[PDB]
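Remarks on the structure that follows.
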Amino acid sequence: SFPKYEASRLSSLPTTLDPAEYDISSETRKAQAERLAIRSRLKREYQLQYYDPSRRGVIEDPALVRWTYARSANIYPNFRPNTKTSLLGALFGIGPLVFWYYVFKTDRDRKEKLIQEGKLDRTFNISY
Amino acid sequence: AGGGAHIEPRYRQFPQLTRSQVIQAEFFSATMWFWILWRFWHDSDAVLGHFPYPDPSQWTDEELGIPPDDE
Amino acid sequence: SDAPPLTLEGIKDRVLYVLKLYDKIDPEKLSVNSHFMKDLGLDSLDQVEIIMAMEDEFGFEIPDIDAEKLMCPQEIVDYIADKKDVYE
Amino acid sequence: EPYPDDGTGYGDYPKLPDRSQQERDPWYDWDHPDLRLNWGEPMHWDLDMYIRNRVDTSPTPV
Amino acid sequence: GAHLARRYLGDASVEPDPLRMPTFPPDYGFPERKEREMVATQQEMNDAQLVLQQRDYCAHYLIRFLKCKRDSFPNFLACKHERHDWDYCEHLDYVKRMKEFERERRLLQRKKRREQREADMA
Amino acid sequence: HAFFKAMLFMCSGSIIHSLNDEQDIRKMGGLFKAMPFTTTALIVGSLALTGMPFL
Amino acid sequence: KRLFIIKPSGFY
Amino acid sequence: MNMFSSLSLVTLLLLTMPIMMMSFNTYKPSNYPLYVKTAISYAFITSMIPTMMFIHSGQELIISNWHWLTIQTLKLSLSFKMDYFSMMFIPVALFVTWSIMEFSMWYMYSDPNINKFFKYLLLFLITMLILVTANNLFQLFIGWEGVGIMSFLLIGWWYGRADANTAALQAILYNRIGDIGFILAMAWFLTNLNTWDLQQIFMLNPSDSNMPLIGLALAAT
Amino acid sequence: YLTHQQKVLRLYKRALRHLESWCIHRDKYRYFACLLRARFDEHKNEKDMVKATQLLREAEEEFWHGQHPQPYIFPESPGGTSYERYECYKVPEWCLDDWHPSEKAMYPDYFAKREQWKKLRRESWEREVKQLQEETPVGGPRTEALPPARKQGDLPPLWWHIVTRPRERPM
Amino acid sequence: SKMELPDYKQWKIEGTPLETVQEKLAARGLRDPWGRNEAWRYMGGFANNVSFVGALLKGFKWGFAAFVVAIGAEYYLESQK
Amino acid sequence: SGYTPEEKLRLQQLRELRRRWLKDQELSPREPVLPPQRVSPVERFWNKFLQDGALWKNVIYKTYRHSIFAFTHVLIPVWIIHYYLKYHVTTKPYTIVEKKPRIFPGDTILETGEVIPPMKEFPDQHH
Amino acid sequence: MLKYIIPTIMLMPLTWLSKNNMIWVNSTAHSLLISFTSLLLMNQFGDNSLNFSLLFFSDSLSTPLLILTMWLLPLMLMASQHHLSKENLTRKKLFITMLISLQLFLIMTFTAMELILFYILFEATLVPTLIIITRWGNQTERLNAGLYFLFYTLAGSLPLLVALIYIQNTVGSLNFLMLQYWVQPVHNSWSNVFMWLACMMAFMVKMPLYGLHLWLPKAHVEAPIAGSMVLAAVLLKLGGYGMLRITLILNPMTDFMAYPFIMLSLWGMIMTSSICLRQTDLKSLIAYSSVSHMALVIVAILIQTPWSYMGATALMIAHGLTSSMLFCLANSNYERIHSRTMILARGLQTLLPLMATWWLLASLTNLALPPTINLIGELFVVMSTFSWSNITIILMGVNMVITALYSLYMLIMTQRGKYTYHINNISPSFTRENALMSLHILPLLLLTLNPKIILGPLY
Ligand SMILES: C[C@H](CCC(=O)O)[C@H]1CC[C@H]2[C@@H]3[C@H](O)C[C@@H]4C[C@H](O)CC[C@]4(C)[C@H]3C[C@H](O)[C@]12C
Ligand SMILES: *C(=O)CCCCCCCCCCCCC
Ligand SMILES: [Zn+2]
């Protein structure tokens with residue numbers, strides 16, 4: 001009838017048009033029960049501490065802690081050198097340094113000759 | 001806020017007004033047209049042209065200096 | 001910002017007032033405590049168009065997760081009072 | 001579903017849908033209304049990029 | 001204007017080249033044209049601090065306008081007459097600019113006929 | 001420009017506050033008589049921006 | 001009908 | 001010359017007086033919003049005196065009151081350039097701001113932090129008059145950057161609204177890109193003309209100007 | 001997930017609001033509001049869940065093509081022009097414990113009433129934990145809804161923050 | 001102070017273009033049970049709203065009289081001196 | 001779809017509590033209990049003298065507020081600026097640079113009295 | 001310089017012989033008296049530097065760094081009181097003693113006239129700075145951060161020791177005044193290439209240089225607040241001061257040997273500025289900011305122009321006050337929530353209105369809002385590098401954009417938004433904390449009125 005909606009990295013497929021929000025099999029609804037089961041227990045644990053009037057401070061969040069440890073401290077011990085990391089490292093790391101070296105090196109040598117030969121204009125240039 | 005009349009808010013009816021509000025509002029609207037009409041009357045040239053633009057073709061070679069083809 | 005507050009009675013009055021203009025109920029039989037689906041003979045699509053009329057009256061949206069749980073005019077007044085912080 | 005074990009140091013961190021926080025159920029009673037998160041919920045690896053201030057991956061009309 | 005089509009959608013040599021004008025001799029075609037004179041002097045214009053673009057032949061009438069502006073303060077609803085004289089003088093100077101364009105236009109056509117005439121006959 | 005564009009924003013604010021912090025013009029209308037003074041200014045400014053002669 | 005506005009301590 | 005200069009610098013000094021009195025010198029919490037507007041009203045009147053004198057005889061003078069910094073052969077001063085553009089824009093900004101300032105008392109009467117709101121508006125007005133009257137690029141640059149940061153604070157005024165923060169930060173993201181051009185203009189004029197003073201730039205009209213002008217176009221974009 | 005009645009009801013409200021965005025004028029909206037109701041009335045009941053599901057997807061596809069590019073939004077709702085505008089004036093309640101005594105004395109009555117509220121909170125805390133660790137499945141709760149106080153004089157469990165939250169126009 | 005709600009029955013769709021919609025819907029056997037709710041918008045002081053041309057022509061009648069009389073003074077003033 | 005009896009009862013339990021809480025967020029007629037703030041003679045003098053409307057004096061009272069403003073905010077600053085400009089700024093070279101005045105033909109100079117010839121006679125035009 | 005050395009030594013007898021409960025008042029009071037007397041070093045002449053004796057001298061480059069150094073000691077004492085309260089008295093006196101020795105070594109390092117004496121003191125700062133990190137850090141990573149800090153410096157310092165001695169055997173003296181007249185040009189030979197590297201790599205590691213900076217995020221994060229302030233305020237400026245002195249005897253070889261260190265720096269500004277946009281630790285974000293700002297000083301020193309040397313000197317003074325202030329602001333939050341995660345605490349402007357103002361001022365200087373001295377120095381470096389190569393304006397401008405984003409990102413993330421609901425222990429700001437921030441920002445903003453005192457010898 002109407003043209004299909006194409007999902008993208010920056011444009012998700014609306015839940016209405018996803019062909020999985022209408023059919024609800026026996027197993028499909030069984031899994032969703034556990035999702036609200038595990039996430040219901042967490043809401044209970046958090047609220048036992050949140051509402052406690054004898055608690056003054058910060059309710060430590062292990063999910064938050066596991067996130068930072070993974071982002072900063074647990075990267076190197078899970079690093080294996082291979083074709084994927086080796087090439088991306090040379091391209092991202094070494095690459096840009098080499099590129100900018102030749103851009104600046106070429107321009108300055110070109111500019112230097114224009115000063116030796118006198119072809120450059122520096123009539124009122126006494127601040128450097 | 002600070003001052004002004006104390007007209008109550010009608011629930012579903014047309015809002016209340018005041019004499020000075022309508023007169024002052026109606027006054028400026030009239031002053032606009034008088035300014036436009038009066039300004040148009042004395043300097044209509046600015047909005048319709050200042051001097052007639054000569055037509056190039058209506059001229060003649062005598063006032064331009066175009067020699068005859070013969071020489 | 002200078003808008004006069006909403007009292008508990010004022011919410012009910014405008015809630016009932018809007019229902020009376022809906023040509024699906026008997027005004028005499030319509031009180032604050034009337035079940036739309038069990039007493040006044042309304043379908044779900046009739047109640048939804050009642051909430052939409054209610055939102056445009058107080059000028060604020062109500063979720064469909066909870067708007068599909070209001071079945072009485074009194075429940076509507078409670079929801080607005082809870083949301084808009086009306087105490088007396 | 002863990003990330004691919006391709007040696008970029010992702011470990012066994014849970015991979016999650018790349019859905020921006022701006023496209024979560026807003027009317028729900030989140031523990032962190034600003035972030036749309038629940039205490040104990042496993043945060044996305046790129047959560048700080050998807051906060052409502054930076055990136056929106058919501059469906060577009062066109 | 002309308003000449004744009006001729007220059008772009010029509011023949012080129014007929015229509016002038018505003019960048020390179022004038023092309024033909026300033027005196028050819030006329031009997032010792034009288035030089036256009038300027039009343040305002042170089043020292044006079046300097047003392048009035050006239051902008052360079054206003055240092056034209058039309059000067060010596062803008063100086064009149066400025067003096068009335070200073071000698072009628074506050075009466076900005078005045079000096080209209082002196083405004084017209086400077087406007088009118090610019091108008092006459094502007095008019096002559098078209099004349100050079102029109103004169104220059106047809107003189108190009110003569111070069112086409114004469115060159116065509118000798119080329120065609122020969 | 002500063003005059004009539006400054007005026008337009010102020011006049012719009014009058015509409016917005018009077019409508020309970022409503023900005024969308026699809027929930028407005030019928031303000032010619034309700035707010036004449038704003039109406040006059042919204043029309044004087046709406047013409048200066050357009051460029052009516054001698055304004 | 002004045003209501004008490006909660007504010008963080010403005011003394012320190 | 002004595003009256004022309006004094007009545008132009010007092011205008012700028014007057015605008016800062018409410019800000020200086022913010023140091024608990026005079027404590028009128030409920031009358032400060034009215035205090036600021038009255039200052040702007042009196043600034044408009046004092047600005048008209050310089051304006052008329054430029055109408056009558058076209059008097060223009062340059063003020064360089066303070067010697068700030070001297071780097072080798074470059075001298076930087078807190079200079080003010082009262083000319084055609086400065087003497088016609090200053091009345092208009094104050095006249096329009098006067099109305100906005102008066103309008104704000106009504107619109108924002110219920111805001112708890114109306115006192116902070118009338119300091120930010122007044123601060124922006126000062127930074128605009130520094131940009132308008134600047135006689136050298138660095139002084140112009142102070143105002144150019146100043147109006148940007150004040151816009152950032154005012155746009156994100158309701159800072160609990162995540163959309164306000166995004167719009168506030170976004171307004172500094174785009175102006176920073178333009179600032180690249182302004183820095184480029186400052187760089188070219190120092191290298192080749194050995195000055196930031198607008199007087200010396202116009203007196204050494206360079207035949208080649210594509211680079212500095214391109215910067216200004218990017219900055220003005 | 002979300003049943004089948006809910007989706008069609010949700011889908012119906014959006015159609016009216018998006019359609020209301022095109023109509024603008026209030027005479028037209030009623031002209032097409034009834035038609036839309038009629039279009040659903042055509043396929044009311046009708047059973048045949050396999051056919052009803054098929055229609056809804058086509059209904060959703062029909063809706064998306066027709067949704068307003070800039071739908072109307074209420075100012076105080078997500079995506080509006082006033083959402084969260086007043087979260088910068090909503091100071092929590094616990095911040096009052098840190099006031100200097102020289103500024104508590106300016107509201108002797110308010111803080112006296114606070115003492116009673118705090119006193120009630122401590123007394124009722126023990127039961128609310130008791131009430132919650134008895135009316136719950138062995139393997140932890142499975143729903144976010146909380147039970148009420150099954151007695152007189154006992155407050156509902158987990159009531160402090162739901163009750164004492166900041167007002168919607170705190171200043 | 002207490003708010004005094006006007007009578008609910010006085011809002012009659014008759015005359016307004018809302019009943020016309022009911023009439024137009026009736027042509028295909030359809031009814032819209034909300035006409036009265038929107039009735040107040042088309043009646044009372046909201047009816048007979050000006051047209052766009054009239055809005056631009058606001059104050060012209062009063063202003064025009066000032067112009068004709070004013071220019072008459074100018075003509076007389078020129079003759080006197 | 002409506003509230004189950006357990007939930008509808010809980011909502012009522014909280015509803016009574018919240019309304020009581022919002023009722024407690026009210027200020028007694030005495031509050032705020034401001035401290036012993038002293039009033040200056042000027043402040044108390046005007047309070048007694050401003051009791052009556054007396055439109056004739058409201059202009060006078062307004063004049064005092066504006067006159068106080070003018071002297072402190074418009075006259076003292078101009079005094080300081082003028083002293084700064086005349087005796088410190090203008091005592092150094094090129095601190096204040098002024099555009100030379102425009103000299104039109106047929107003018108007299110105050111410094112010496114020179115007179116510039118009016119002009120060469122114009123070729124009179126019209127329109 | 002004995003009028004400052006001896007009083008600094010006497011701070012140790014004072015601390016140990018003072019009462020148990022007056023150690024923080026005695027040391028803070030008298031360390032502030034030393035700072036006041038340091039204004040006498042501003043007696044500078046337009047032709048000759050201030051020479052005191054055969055050992056010590058002070059000029060327009062050392063004077064601003066001496067004033068900054070002695071000004072920080074009293075500030076570091078204030079910031080350390082909270083987390084040392086439950087500490088044993090004997091060990092709480094050893095902590096105050098390490099700081100005193102660090103100041104003693106620093107003022108003698110910035111005034112030494114002989115480069116080997118400069119090197120010995122330059123290298124003596126490692127010992128007290130290591131003990132502060134390793135003994136009074138909180139996390140377990142302090143031990144490993146101690147080794148990274150220790151060995152990165154020595155791996156470049158030991159080659160510098162050989163190069164300095166080789167110069168004395170050839171020139172005959174290392175007295176800096178002598179080197180200004182007996183300096184000779186450096187020929188282009190492979191031996192001189194490595195002489196250049198040995199003389200500079202010690203100072204590149206400490207700035208630090210991009211690619212050798214892995215120690216900074218560890219030392220500035222695991223160190224206590226006092227350690228982080230001195231590390232980021234004066235101990236990075238030992239690298240800059242060293243290069244500003246030893247480049248006198250490297251010309252003209254610096255014309256071509258500087259290229260690889262200008263690309264690592266110009267590109268390193270973008271890489272480190274970009275890293276700040278995705279940091280999850282508030283202390284780490286401030287650390288990576290130091291690398292970006294210290295990458296401009298390296299470029300300025302290596303192009304050797306009068307405008308670039310004025311900018312570098314002003315950039316170092318400006319960054320020391322700003323960087324220290326940011327660390328202090330970050331620590332005040334940590335003293336309440338006791339975690340460095342940036343997203344843990346949000347919307348702090350609702351609870352602490354005044355401490356939010358300090359955040360705003362601290363952010364503006366970081367992004368060089370004119371006419372702060374942050375912008376004055378950053379402008380001069382951007383003016384001088386443009387003459388070097390006009391294309392560099394592309395890289396300078398981009399970094400200015402990225403600086404604004406991450407400077408305002410941390411302000412928004414923590415100060416604005418909605419407060420965390422379960423963070424219920426944000427007590428008001430003490431007078432100590434507010435005084436601690438005001439002593440960072442007030443002197444920084446005061447130098448705008450007379451910036452010529454922090455522009456250096458080439459002014
Ligand atoms: C002049 C203005 C409005 C007066 C009026 O109603 O017409 C009033 C409002 C608040 C007043 C100001 C405030 O009182 C703050 C300052 C302290 C003293 O009142 C005198 C100067 C001072 C600067 C006052 C000047 C003037 O009287 C003000 C500015
Ligand atoms: C000459 O400069 C004309 C340039 C184009 C501007 C006019 C375009 C519109 C002309 C329409 C009228 C054509 C003449 C009947
Ligand atoms: Zn602590």
Side-chain angles (χ1 to χ4, degrees), chain A residues 56-58, chain B residues 2-3 53 55-57, chain E residues 1-10 15-16 18 94 97-98 101, chain H residues 13-45 98 101-102 105 114-115 118-119 122, chain K residues 39-43 45-47 50 55 57-77, chain L residues 78-87 136-139 224-226 283 328 330-340 344-345 423 425-427 429-430 432-433 436:
Chain A
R56 181 180 176 276
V58 184
Chain B
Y53 185 53
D55 186 354
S57 55
Chain E
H3 60 71
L4 297 169
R6 311 206 291 266
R7 215 275 191 79
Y8 303 153
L9 287 67
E15 190 66 2
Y94 189 103
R97 306 206 316 182
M98 289 181 291
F101 187 90
Chain H
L13 184 58
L14 203 179
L15 297 174
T16 49
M17 289 284 289
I19 295 172
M20 286 183 172
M21 273 58 258
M22 286 296 299
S23 313
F24 286 67
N25 186 274
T26 175
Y27 212 72
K28 269 78 174 61
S30 52
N31 356 20
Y32 178 71
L34 174 55
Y35 180 15
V36 177
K37 184 195 74 62
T38 301
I40 309 306
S41 305
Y42 274 86
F44 167 83
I45 301 300
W98 177 11
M101 198 107 301
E102 198 175 30
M105 280 164 56
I114 189 176
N115 281 281
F118 277 89
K119 189 211 291 177
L122 178 59
Chain K
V39 306
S40 64
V42 186
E43 272 64 352
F45 165 81
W46 283 113
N47 294 340
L50 293 171
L55 200 292
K57 57 162 63 61
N58 268 12
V59 65
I60 307 304
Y61 174 66
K62 292 271 285 185
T63 292
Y64 182 82
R65 303 291 292 279
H66 271 38
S67 187
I68 289 289
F69 183 93
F71 173 67
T72 65
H73 289 41
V74 189
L75 193 58
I76 295 174
Chain L
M78 305 179 193
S80 312
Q81 298 192 13
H82 173 78
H83 76 82
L84 291 182
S85 60
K86 278 85 92 299
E87 184 61 11
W136 287 284
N138 307 284
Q139 309 301 339
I225 181 56
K283 223 181 171 188
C328 288
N331 174 261
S332 75
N333 285 342
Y334 178 92
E335 289 184 352
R336 291 161 165 72
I337 63 190
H338 290 104
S339 183
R340 267 136 38 184
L344 177 56
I423 302 293
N425 72 335
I426 305 297
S427 47
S429 299
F430 304 100
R432 179 181 55 82
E433 302 173 16
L436 178 50

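First listed ligand is number 1; within each ligand, the first listed atom is number 1. Order of the sequence lines fixes the chain letters, A, B, ..., with proteins taken first and strands second; residue numbering starts at 1 for each chain.
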query = Hey, what do you get for CD1 (H:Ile45) to CD1 (H:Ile40), rounding to the nearest 0.5 Å?
reply = 12.5 Å

ask   = With no hydrogens and no angle check, is any side-chain donor or acceptor of L:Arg336 less than 3.5 Å from a backbone partner on L:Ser427?
value = yes

remark   = Heavy-atom proximity to atom 1 (C) of ligand 1 ranks first, among H:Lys37, H:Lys28, K:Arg65, H:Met17, for K:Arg65

task = Ignoring angles and geometry beyond distance, decide whether E:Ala2 reaches within less than 3.5 Å of ligand 2 through its nitrogen or oxygen atoms.
result = no

ask   = Nearest heavy-atom pair of E:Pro18 and E:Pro16: which atoms, and what distance?
value = CD-O, 3.8 Å

query = Just how far is it from atom CG of E:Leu4 to atom CG of E:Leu9, taken to the nearest 0.5 Å?
reply = 9.5 Å

ask   = Right, does atom 20 (C) of ligand 1 have protein non-hydrogen atoms nearer than 4.0 Å?
value = yes

message = Can you check atom 28 (C) of ligand 1: any protein non-hydrogen atom closer than 4.0 Å?
response = no

key: Protein contact to atom 6 (O) of ligand 1 [nearest heavy atom, distance to 0.1 Å]   = K:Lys62 NZ, 3.6 Å

message = Pair B:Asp55, B:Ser57 - check side-chain hydrogen bond (donor to acceptor under 3.5 Å, both in side chains), show working.
response = CA-CA 6 Å; B:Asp55 186 354; B:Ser57 55; 3.1 Å; yes

key: Check: H:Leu122 and H:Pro18 side chains under 4.5 Å, non-hydrogen atoms   = yes

key: Per-atom contacts of ligand 1 with K:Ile68, taking only distances under 4.0 Å to non-hydrogen atoms   = 20 (C)

query = At a 4.0 Å threshold, what atoms of ligand 1 neighbour a non-hydrogen atom of H:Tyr35?
reply = 23 (C), 29 (C)

task = Starting from atom 3 (C) of ligand 2, locate the nearest protein heavy atom and write down its residue, its atom name and how far away it is, to 0.1 Å.
result = E:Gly1 N, 2.5 Å

query = Which of the numbered atoms in ligand 1 are below 4.0 angstrom from a heavy atom of K:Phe69?
reply = 25 (C), 29 (C)

query = Can you tell me if CZ on K:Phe45 sees more than 12 non-hydrogen neighbours from other groups inside 6.0 Å?
reply = yes

note = The atoms of ligand 2 lying under 4.0 Å from a heavy atom of E:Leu4, numbered in the order shown, are 1 (C), 3 (C), 4 (C)

inquiry  = Could you check whether any side-chain heavy atom of H:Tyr32 comes within less than 4.5 Å of a side-chain heavy atom of H:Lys119, counting everything from C-beta outward?
reply    = yes

query = Which ligand 1 atoms are under 4.0 Å away from a heavy-atom of K:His73?
reply = 23 (C)

query = Starting from atom 16 (C) of ligand 1, which protein heavy atom do you reach first, and at what distance in Å?
reply = H:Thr26 OG1, 3.7 Å

Per-atom contact, atom 14 (C) of ligand 2, protein heavy atoms, under 4.0 angstrom = no

task = State, with a plain yes or no, whether a side-chain heavy atom of L:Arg340 is found less than 4.5 Å away from one of L:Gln139.
result = yes

request  = Examine L:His83 and say whether one of its N/O/S atoms is closer to the Zn ion (ligand 3) than 2.8 Å.
outcome  = no

Where ligand 1 meets H:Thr38 - atom numbers and elements under 4.0 angstrom, heavy-atom basis = 1 (C), 2 (C), 3 (C)

request  = Measure from atom 24 (C) of ligand 1 to the protein's non-hydrogen atoms and state whether any distance is below 4.0 Å.
outcome  = no

query = Is the distance between the ring centroids of L:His82 and L:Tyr334 less than 6.0 Å?
reply = no

request  = Please indicate, with yes or no, if any protein heavy atom is found under 4.0 Å from atom 6 (C) of ligand 2?
outcome  = no

message = For the metal site, I want the angle between atom NE2 of L:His82 and atom NE2 of L:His338 with the Zn ion (ligand 3) at the apex, to 10°.
response = 150°

request  = Indicate the atoms forming the closest heavy-atom contact of H:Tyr42 with K:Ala70, along with that distance.
outcome  = CE2-CB, 4.4 Å

